[PDB]
Structure formats: structure tokens, C-alpha cells
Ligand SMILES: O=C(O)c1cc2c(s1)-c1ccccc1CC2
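The form deposited without the named molecule is given below as one chain in C-alpha cells.
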């Protein structure tokens, strides 16, 4: 007996990765995260957690290595968060935020021999504390991802120190979840992969990561696209960039988290 259906799996390898293979991967992850039910100002909205059936709650991302290793991350479709991962006979899950998330995570990697829930959550602030470094000091790119896949794979066996496991999650979340959320961050990772040059994310990337929920809510609560209150982001060089409307964000944000219902007047 195997419980009805099965979450979707998207594969990516860092071995010989190119801009095109990375673009294909991120497009595929977006396609499994969204349903097409909810698009506002041309920007797709992730499924609403309220009423979402457990059989539609996750996607799997199977990462492989030039080292020939594989780990599978589980993403929550409601927010694209990595909630845990499987390496061979062990799975690890971040500490759940609430009871409903704790139950949901029992539906993942159900026949793994060994199941662990970390005592810590998987938010960036907690993972930065564990890593002993901020996102701004952690290089991203294909080399970092290849290294992170091996670090997650060896964690079971004591090969990987906790600070290196936290830094590995930080790499994976930005190169998969944040790239799915933001075409701008997908483009930043494509640049690092094209030239095979790792580099830490600049303030444009960090301020978008830090503002995804505020931007989703500003767009969803806007009056015909116009924000009641501007949001300040940073350009590459750190200078302030004020966002007053959804229009400037159409090339930048690919997916929003559900924040409010769309008022009458739009997907019809």
C-alpha cells in the first residue's frame, strides 16, 4: 500500500549546470507551486493555506551533485519555504511553526527509516545565527550549491558541522525558493552560473528577500496597483529605491504569498 497520488518531483543537478538548465528548473518549480487560479496584476499568487488539501500541500526538489550525491528538499506550496529534506535513510524537518504544520510534515518522506525534527526553525535569522554568518557574507552560485548538496547529504554521519549545515540551507533557499519568488533573483543566480563565479548577494537581492511578504501584501491591498504606503528597497550599490506601484515590480517578482482576498473588479 502507497497512500493516494504522490507529491510532484522536480530534478536539478549542479553538475555541468548552465543558464538554460537552471532556468528550466526554476520555471518548472514555479509551475508546480502555482495553479493558475490566482493572478493579480499579472503576478501569480501561491495557493491559500486555508482549505488547501494535504495531498496538494508540497512539492519535492531532487538535487544532485557532480559528486554523484542526491538530496530531496520539500517545499510548502503556500510560501515556497523549504520545510525539510531527505538524504538516503534520514529526513530532517525544521521545527514547525504550529500544529497544523507539524501534522502536514508527517505526510512527507513517509517511509524513511529515520525522521528528525530539528529543535530550531528554518527562518533566515535562526539559520544565520547557526551559520555564524549573515546572508550578505555567504557566497551563492553553482559552486556553493554543489558544496551545499554534499553537506546536506553527509549530515547523518557527522561529516557536516551544524554551522556548515545552516549555511548550506541558506544557499539552497536562496537559489531555489527565492529564485522562484523573484525573477530578479533568478537572474542574479543565472549570472553567477553563466560565469561560474560565486558571490554573496548584494543589497538588491537581500532587500527583496526581506520584503517579500510586505510587497505581496502591498500589491494585494493596492488601489488599482497603487500602494497606500511606499516600500523602500535598495539598489545594488545600497542606495534607496522607492516602490509606489505594482507596475515596477512586474519584471521583478514572480510569485506572491496569499495575503488577502482579491476585491471585486479583477480576474473576470
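We call the rigid core the largest set of C-alpha positions that still match within 1.5 Å between the two forms. Shifts are known only where both forms have a C-alpha. Positions refer to the first chain, counted from 1.
One more form of this protein should be noted, the form solved in complex with the named molecule, which is absent from this view; the next part is about it.
Partner-contacting position among 219, 26, 63, 208 - heavy atom within 4.5 Å of the named molecule in the deposited bound form: Spelling it out, the residue with a heavy atom inside the cut-off is 208.
Using the partner position in the deposited bound form, report whether residue 252 sits within 4.5 Å of the named molecule, counting heavy atoms only. Within the cut-off, so yes.
Report whether the minimum heavy atom distance between residue 70 and the named molecule in the deposited bound form is within 4.5 Å. No - in the deposited bound form, heavy atoms of residue 70 and the named molecule never come within 4.5 Å of each other.
Look up in the deposited bound form whether residue 234 has a non-hydrogen atom within 4.5 angstroms of the named molecule, and give yes or no. Answer yes; at least one heavy atom of residue 234 falls within 4.5 Å of the named molecule in the deposited bound form.
With the cut-off set at 4.5 Å between non-hydrogen atoms, does residue 248 touch the named molecule in the deposited bound form? Residue 248: yes, in contact with the named molecule in the deposited bound form.
Let me know which residues along 24 to 44 have a heavy atom within 4.5 Å of the named molecule in the deposited bound form, or say none if there are none. Contacting residues: none.
Tell me, with the core superposed, which single residue in 199, 35, 210, 48 has its C-alpha moved by at least 2 Å between this form and the one not shown. Everything else stays below 2 Å; the exception is 35.
If the C-alpha spacing of residue 40 and residue 229 moves by 3 Å or more in the deposited bound form, is that a move closer or farther apart? It is farther: in the deposited bound form, the C-alpha atoms of residue 40 and residue 229 lie at least 3 Å more apart than they do here.
Given a CA distance change of at least 3 Å, are residue 40 and residue 205 closer or farther in the deposited bound form? Compared with the form shown here, the C-alpha atoms of residue 40 and residue 205 sit farther apart in the deposited bound form, by 3 Å or more.
Mind listing the moving segments between this form and the one not shown, meaning three or more residues in a row, each Cα shifted 2 angstroms or more, core aligned? Shifted segments: 35 to 37, 39 to 42.
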